[PDB]
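What follows is a short report on a single structure.
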Amino acid sequence: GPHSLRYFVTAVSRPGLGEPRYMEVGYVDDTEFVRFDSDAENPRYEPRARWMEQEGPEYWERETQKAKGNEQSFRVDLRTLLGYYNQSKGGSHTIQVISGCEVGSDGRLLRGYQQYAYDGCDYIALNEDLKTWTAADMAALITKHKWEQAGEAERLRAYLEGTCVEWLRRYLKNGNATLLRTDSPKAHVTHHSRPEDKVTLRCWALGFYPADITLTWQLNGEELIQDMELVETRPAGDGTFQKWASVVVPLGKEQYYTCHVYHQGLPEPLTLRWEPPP
Amino acid sequence: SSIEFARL
Amino acid sequence: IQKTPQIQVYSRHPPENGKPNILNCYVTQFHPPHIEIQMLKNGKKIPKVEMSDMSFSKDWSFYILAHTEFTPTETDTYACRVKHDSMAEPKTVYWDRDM
Numbered sequence: 019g020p021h022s023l024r025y026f027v028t029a030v031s032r033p034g035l036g037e038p039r040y041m042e043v044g045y046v047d048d049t050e051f052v053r054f055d056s057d058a059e060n061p062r063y064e065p066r067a068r069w070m071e072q073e074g075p076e077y078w079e080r081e082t083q084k085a086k087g088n089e090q091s092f093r094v095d096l097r098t099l100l101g102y103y104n105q106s107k108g109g110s111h112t113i114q115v116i117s118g119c120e121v122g123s124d125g126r127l128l129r130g131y132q133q134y135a136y137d138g139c140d141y142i143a144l145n146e147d148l149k150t151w152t153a154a155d156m157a158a159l160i161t162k163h164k165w166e167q168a169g170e171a172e173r174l175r176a177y178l179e180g181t182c183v184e185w186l187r188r189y190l191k192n193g194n195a196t197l198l199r200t201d202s203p204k205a206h207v208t209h210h211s212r213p214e215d216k217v218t219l220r221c222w223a224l225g226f227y228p229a230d231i232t233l234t235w236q237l238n239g240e241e242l243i244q245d246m247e248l249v250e251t252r253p254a255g256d257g258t259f260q261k262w263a264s265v266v267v268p269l270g271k272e273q274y275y276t277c278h279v280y281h282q283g284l285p286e287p288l289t290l291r292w293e294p295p296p
Numbered sequence: 003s004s005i006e007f008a009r010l
Numbered sequence: 697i698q699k700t701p702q703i704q705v706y707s708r709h710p711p712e713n714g715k716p717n718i719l720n721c722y723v724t725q726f727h728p729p730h731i732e733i734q735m736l737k738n739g740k741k742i743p744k745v746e747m748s749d750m751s752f753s754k755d756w757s758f759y760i761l762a763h764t765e766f767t768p769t770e771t772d773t774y775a776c777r778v779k780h781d782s783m784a785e786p787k788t789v790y791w792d793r794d795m
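Protein chains in written order, with my numbering: chain A, 19 to 296; chain B, 3 to 10; chain C, 697 to 795.
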């Protein structure tokens with residue numbers, strides 16, 4: 019199937035409290051595999067996945083040096099933006115970037131990413147044509163003009179179509195099967211109620227990976243999406259995820275409801291109902 | 003490997 | 697622009713009284729990145745609370761996981777308190793064993 023290599027970058031100023039905090043986090047198929055955190059005595063790029071430990075010392079050295087270079091460049095960008103926005107030197111500000119490539123099964127780029135945000139709002143982004151830019155405001159228009167003159171889009175298309183795809187292949191060779199990892203959910207239904215003629219049935223999905231999952235409740239073939247309560251998928255903290263969906267039903271009709279669990283690790287969707295313990 | 007970022 | 701943090705408090709494993717577990721406090725959808733997270737037991741702050749590294753999602757909002765070891769009892773009360781620039785006052789969310 020398709021794969022992706024993307025870096026999530028963060029630069030946060032802290033006037034009076036020290037140098038800006040800079041971070042570079044790499045993801046292969048939405049899984050963190052490397053991280054650089056400037057908040058240290060001697061900051062270094064590090065593996066976040068055991069399979070990256072294969073890379074030799076020269077790799078880590080080049081990545082570390084490039085990261086510190088990026089950090090210092092962003093330090094300047096933070097100042098530049100205070101200027102573009104006519105802002106004070108005393109407030110904290112954040113610059114964020116999502117930069118990467120998602121390639122198809124045939125090894126060709128499906129989509130390139132080079133998008134920026136300032137204080138949580140879109141700043142500028144490279145368009146799908148990998149040739150033009152979309153500035154979100156007046157400030158971004160200055161960067162746009164500057165990048166157009168420098169041929170920045172061409173520079174990024176090169177990286178996105180070449181360098182990024184090539185590195186993704188390399189990383190996949192060392193952690194392909196690992197990324198293919200799949201933990202199917204284990205489900206069960208709990209019964210809850212406060213002295214009333216109604217009861218809550220909560221369908222739980224535990225220990226699954228990846229996070230993508232769907233839970234539904236059915237009353238005789240029909241999905242109850244109107245009054246079904248559910249929580250956002252959440253990390254158990256051990257690499258797997260959790261999620262639940264609940265519905266309020268009439269006391270005594272618990273057996274008329276069925277929960278369905280859809281996950282990529284399941285040979286077939288799970289089907290279950292409330293089971294009063296023996 | 004991440005790209006070397008340009009100035010804003 | 698500021699985004700108010702969404703919070704979830706739950707155990708890593710289904711809770712069983714007397715059995716060691718891990719209590720999580722998942723905080724998402726906030727901006728700016730600076731945030732103060734505390735976990736409480738019966739109204740008092742818990743000293744040993746670990747924090748995951750911070751990350752951000754496609755919509756630019758940040759997320760982080762705080763967690764602490766605990767052995768649930770029938771009557772102990774747990775909660776997660778979050779202080780963030782987006783809120784006038786600290787937000788407290790209590791752990792519900794059924795959620």
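C-beta atoms are modelled at their ideal positions from N, C-alpha and C, and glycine is treated no differently.
| Asked | Found |
| --- | --- |
| Within-7 Å CB hit, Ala158 of chain A to chain C | no |
| Own chain, CB closer than 7 Å to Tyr103 of chain A, minus 5 neighbours either side, in chain order | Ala157 |
| According to DSSP, residues forming a beta bridge with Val46 of chain A | A:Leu23 and A:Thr49 |
| Residues of its chain near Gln90 of chain A, where Cβ-Cβ distance is below 6 Å and the 5 sequence neighbours each way are ignored | none |
| Partner residues on chain B for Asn88 of chain A, Cβ-Cβ distance less than 8 Å | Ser4, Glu6 and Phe7 |
| Cβ contact check for the stretch 707-720 of chain C and the stretch 178-189 of chain A: 3 or more pairs under 8 Å | no |
| Alpha-carbon spacing of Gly225 of chain A relative to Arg252 of chain A, whole angstroms | 11 Å |
| CB of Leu269 of chain A within 7 Å of CB of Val217 of chain A, strictly | yes |
| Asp147 of chain A, DSSP secondary structure in three states | coil |
| Close-in-space but distant-in-sequence residues of the same chain around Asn738 of chain C (CB under 7 Å, 5 per side omitted) | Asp772 and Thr773 |
| Cα-Cα separation between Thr232 of chain A and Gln260 of chain A, rounded to whole angstroms | 11 Å |
| CB contact below 7 Å: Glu172 of chain A versus chain B | no |
| Interface residues of the stretch 232-254 of chain A facing chain C [CB-CB below 9 Å] | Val249, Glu250, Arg252, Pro253 and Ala254 |
| Cutoff 8 Å; reference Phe92 of chain A; Cβ partners in own chain excluding five residues on either side | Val27, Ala29, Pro38, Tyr40 and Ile113 |
| Local conformation of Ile243 of chain A per DSSP, three classes | coil |
| Cβ neighbours of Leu288 of chain A in the same chain (closer than 6 Å, five flanking residues each side left out) | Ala205 and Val279 |
| Host alpha helix (DSSP H) of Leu190 of chain A (start-end) | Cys182 to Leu197 |
| Cutoff 7 Å; reference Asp201 of chain A; Cβ partners in own chain excluding five residues on either side | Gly225, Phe226, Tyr227, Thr258 and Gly283 |
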